[PDB]
Amino acid sequence: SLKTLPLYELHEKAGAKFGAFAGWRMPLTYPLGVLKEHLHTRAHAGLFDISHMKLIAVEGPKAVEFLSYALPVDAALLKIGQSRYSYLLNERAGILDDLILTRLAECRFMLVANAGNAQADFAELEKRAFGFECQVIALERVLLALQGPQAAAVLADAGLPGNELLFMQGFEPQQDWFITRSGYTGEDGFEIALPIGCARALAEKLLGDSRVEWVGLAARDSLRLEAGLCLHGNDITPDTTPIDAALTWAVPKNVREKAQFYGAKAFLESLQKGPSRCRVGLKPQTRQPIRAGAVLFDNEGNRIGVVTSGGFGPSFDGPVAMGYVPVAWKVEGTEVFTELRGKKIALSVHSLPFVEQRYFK
Ligand code: NA
Numbered sequence: 011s012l013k014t015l016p017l018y019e020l021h022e023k024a025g026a027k028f029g030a031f032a033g034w035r036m037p038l039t040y041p042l043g044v045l046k047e048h049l050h051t052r053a054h055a056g057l058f059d060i061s062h063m064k065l066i067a068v069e070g071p072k073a074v075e076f077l078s079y080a081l082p083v084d085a086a087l088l089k090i091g092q093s094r095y096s097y098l099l100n101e102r103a104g105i106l107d108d109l110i111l112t113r114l115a116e117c118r119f120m121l122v123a124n125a126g127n128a129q130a131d132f133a134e135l136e137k138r139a140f141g142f143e144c145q146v147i148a149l150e151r152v153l154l155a156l157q158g159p160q161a162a163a164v165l166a167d168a169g170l171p172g173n174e175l176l177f178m179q180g181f182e183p184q185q186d187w188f189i190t191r192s193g194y195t196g197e198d199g200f201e202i203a204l205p206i207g208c209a210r211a212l213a214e215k216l217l218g219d220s221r222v223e224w225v226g227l228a229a230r231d232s233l234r235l236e237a238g239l240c241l242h243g244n245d246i247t248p249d250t251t252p253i254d255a256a257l258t259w260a261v262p263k264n265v266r267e268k269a270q271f272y273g274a275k276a277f278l279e280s281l282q283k284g285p286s287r288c289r290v291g292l293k294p295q296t297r298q299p300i301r302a303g304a305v306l307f308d309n310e311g312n313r314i315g316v317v318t319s320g321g322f323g324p325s326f327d328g329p330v331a332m333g334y335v336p337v338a339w340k341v342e343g344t345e346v347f348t349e350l351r352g353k354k355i356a357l358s359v360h361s362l363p364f365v366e367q368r369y370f371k
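Structure (structure tokens):
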């Protein structure tokens with residue numbers, strides 16, 4: 011009943027330890043281990059099987075107009091090859107999913123959807139497309155991320171194109187292949203989407219490079235959390251608007267002013283009213299991590315918020331977390347508290363990212 015990765019056997023051969031995520035059986039860690047896999051990515055090149063994510067193609071003569079209604083983007087202004095972070099909003103401007111949109115041609119675009127939301131995102135995009143002369147197509151693909159300071163060199167030595175991309179650009183080097191210079195680590199890196207029948211060979215070719223190791227979901231999580239990146243279902247949900255989540259930067263002024271996207275009225279009203287709670291970085295004042303779901307209190311014991319993500323960051327060399335506090339507590343350095351074994355434990359509100367980003371310039 012958990013979904014199976016196309017490359018499951020490679021993970022089994024690599025000695026992966028498996029667990030459930032977003033309805034898939036995923037490698038959580040390998041024998042290298044959560045700490046060294048994390049550190050490996052920041053020093054070398056980590057290979058991540060992210061085939062649980064979903065590519066959705068959007069194609070047809072009115073793809074541009076459809077996209078500018080479905081999402082808060084000006085799809086006509088996106089240059090061919092350019093990627094943008096965006097989100098599918100509901101009528102109340104809650105975030106159904108966060109997405110990356112890439113223009114591939116005048117009438118062709120690609121979306122990458124999160125694993126847990128792929129089916130719902132596809133159904134909702136299809137309904138928003140009812141009026142438009144465009145098609146929305148869920149693709150069957152393997153998706154690999156190759157991340158770290160050596161990733162570009164590994165890519166070149168494997169004979170794959172992409173070193174010419176800038177950060178947040180993408181292209182199609184072969185029919186049914188899609189490569190982007192992007193990721194979820196705060197490092198330089200790439201994502202490669204390709205047909206399922208071509209994938210095992212590619213993954214074995216990249217792993218064969220002495221700079222490359224497989225990285226599991228645990229380390230994927232510590233990396234992204236150090237980088238200050240949101241995880242939908244933890245840090246953003248259909249109950250959090252981009253205003254609460256401090257993600258309004260993703261919607262440029264011209265798009266706000268045109269207000270043609272689904273959710274625009276609620277988005278604009280939320281922007282005027284201000285946030286109902288605020289996504290913040292949190293630094294536990296302890297060597298032991300505070301985990302997702304930890305309740306946050308003020309200095310008098312009143313419940314004020316919650317930790318949405320938390321773990322040990324090996325690069326930061328201590329616990330890192332993110333969560334929600336009311337606007338009054340969002341100032342950098344503000345003390346908030348949680349309870350552990352009946353003792354009050356302090357966290358301070360902390361800038362994000364925790365670790366400096368090293369995207370290609
Ligand atoms: Na290797």
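Every position in the sequence shown, counted from 1, becomes a number in PDB author numbering once 10 is added.
Using N, Cα and C, we set each Cβ at its ideal position, and we do this for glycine too.
Boundaries of the alpha helix (DSSP H) in which residue i is found, first to last residue
i	result
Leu-20	18–23
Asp-167	161–167
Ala-209	206–217
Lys-283	274–283
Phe-132	128–138
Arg-102	That residue, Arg-102, is in no alpha helix (DSSP H); it is neither H nor E in DSSP.
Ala-53	44–53
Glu-267	263–268
Any non-hydrogen atom of the ligand NA closer than 6 angstroms to residue i Cβ
i	result
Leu-204	no
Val-341	no
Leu-227	no
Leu-217	yes
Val-222	yes
Cβ-Cβ separation, residue j to residue i (assumed contact under 8 angstroms), whole Å
i	j	result
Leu-357	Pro-294	5 angstroms
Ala-161	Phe-200	6 angstroms
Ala-237	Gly-196	3 angstroms
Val-330	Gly-343	With a Cβ gap of about 16 angstroms, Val-330 and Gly-343 do not count as contacting.
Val-317	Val-335	Actually they do not touch by this definition, with Cβ atoms about 10 angstroms apart.
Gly-333	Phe-364	With 8 angstroms as the limit, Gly-333 and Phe-364 do not qualify as a contact, their Cβ atoms being about 14 angstroms apart.
DSSP-derived helix/strand/coil call for residue i
i	result
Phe-326	coil
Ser-192	coil
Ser-78	helix
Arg-234	helix
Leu-149	coil
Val-341	coil
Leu-87	coil
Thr-318	strand
Extent of the continuous beta strand (DSSP E) to which residue i belongs
i	result
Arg-118	118–123
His-360	353–360
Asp-108	105–115
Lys-27	27–31
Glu-349	345–350
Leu-15	Unbroken run through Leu-15: none, as it is neither H nor E.
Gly-291	288–294
ask   = How about the stretch 248–265 and the stretch 91–108: do they share at least three Cβ pairs that are nearer than 8 angstroms?
value = yes
inquiry  = Under 8 angstroms, with one C-beta from each stretch per pair, do the stretch 209–221 and the stretch 62–73 reach the 3-pair mark?
reply    = no
message = Check whether the stretch 80–88 and the stretch 270–286 touch, using three or more Cβ-Cβ pairs below 8 angstroms as the test.
response = yes
query = How about the stretch 214–230 and the stretch 116–131: do they share at least three Cβ pairs that are nearer than 8 angstroms?
reply = no
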